[PDB]
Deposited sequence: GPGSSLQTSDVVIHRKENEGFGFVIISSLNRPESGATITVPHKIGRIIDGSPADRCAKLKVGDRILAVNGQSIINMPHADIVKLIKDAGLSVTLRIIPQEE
């Protein structure tokens, strides 16, 4: 049940979601832990606060460290696409 969610932000704000990683074939270390109120992740509202992300901008991140995913989204631009799983 992998639903794909694009997140459009402005240049003044961020996407407004926090990724929590746990530190690997059947492992999903990264998920959503919180959502900043009044953020594009809150307005798009397609993210639940327990969604395990499989990929970021069409790039598998299950075997990717936390810092690399942060750097990936940090350069992603004003739109990012997460492949997620609800919870």
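**Student:** Please report every deposited-sequence interval that has no C-alpha in the structure, sorted by position.
**Tutor:** According to the record, the gaps fall at 1 to 6, 30 to 35, 100 to 101.
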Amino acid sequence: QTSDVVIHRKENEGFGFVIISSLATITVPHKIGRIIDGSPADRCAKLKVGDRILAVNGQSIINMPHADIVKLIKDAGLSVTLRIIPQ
From here on, numbers count along this sequence of modelled residues.
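**Student:** Taking only the CA atoms, which stretch has the higher mean B-factor in the record, 47 to 55 or 24 to 32?
**Tutor:** The stretch with the larger mean CA B-factor is 24 to 32.
**Student:** Hey, which bit's got the bigger mean C-alpha B factor in the entry, 5 to 13 or 63 to 71?
**Tutor:** Higher mean C-alpha B-factor: 5 to 13.
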